[PDB]
């Protein structure tokens, strides 16, 4: 099966199985392992790997999409001695996660979000982009091949294609999404299409 529990390890005494909303579509050629929650109307495409086997949940909110070849994984959040590694945990609305992906988020083809990380609602994570040890705000756009490592990206900003942002001073001066910006409506269009694709693929299973 391609939806599987994580294994018993010294960091993980009890296996967990994914919790997947019945309206989500998981492609048979995707892999989803371990302590993962997938929300309503989410589409998970071929060759995506969502793997939560080092402690703490990976959460994917409602109406989000995880496109072909995307990887979600996280650094260990509990060491062998049972002690939580706080640097590797993100907090969102009072709850702790290894990776938090909000609602209406698009993780486009071949991107990767590696914990600890949080991605706020209505954000587009572009093709081949990379997010690690970062909090990306709501209504952001990471253009293709951009990256955010070790930073907080404020709400409503974009990272131009190819730019690798590693310092908070850079992140603070990113440009704002405006109506005339080329990707200002991209996420809404991609979310709308993927919610409908998920329903269509569900009707073929």
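Positions refer to the first chain, counted from 1.
A.B. asks: Pick between 136-144 and 172-180: the one whose mean CA B-factor in the entry is higher.
C.D. replies: Mean B over CA atoms: larger for 172-180.
A.B. asks: Out of 95-103 and 111-119, which stretch has the higher average CA B-factor listed in the record?
C.D. replies: Between 111-119 and 95-103, it is 95-103 that shows the higher mean C-alpha B-factor.
A.B. asks: Which of these has the highest Cα B-factor in the record: 125, 78, 71, 74?
C.D. replies: The record points to 78.
A.B. asks: Among the candidates 149, 30, 56, 66, give the one with the maximum CA B-factor reported in the record.
C.D. replies: Most elevated C-alpha B-factor of the set, per the entry: 56.
A.B. asks: Quick check for you: using the entry's CA B-factors within this chain, is residue 162 in the lowest, middle or highest third?
C.D. replies: Middle third - that is where residue 162 ends up once the chain's C-alpha B-factors are sorted.
A.B. asks: Split into thirds by Cα B-factor across the chain's modelled residues, where does residue 193 land: lowest, middle or highest?
C.D. replies: Middle third by C-alpha B-factor.
A.B. asks: Rank-wise, by C-alpha B-factor, drop residue 153 into the lowest, middle or highest third of its chain.
C.D. replies: Highest third of the chain for residue 153's C-alpha B-factor.
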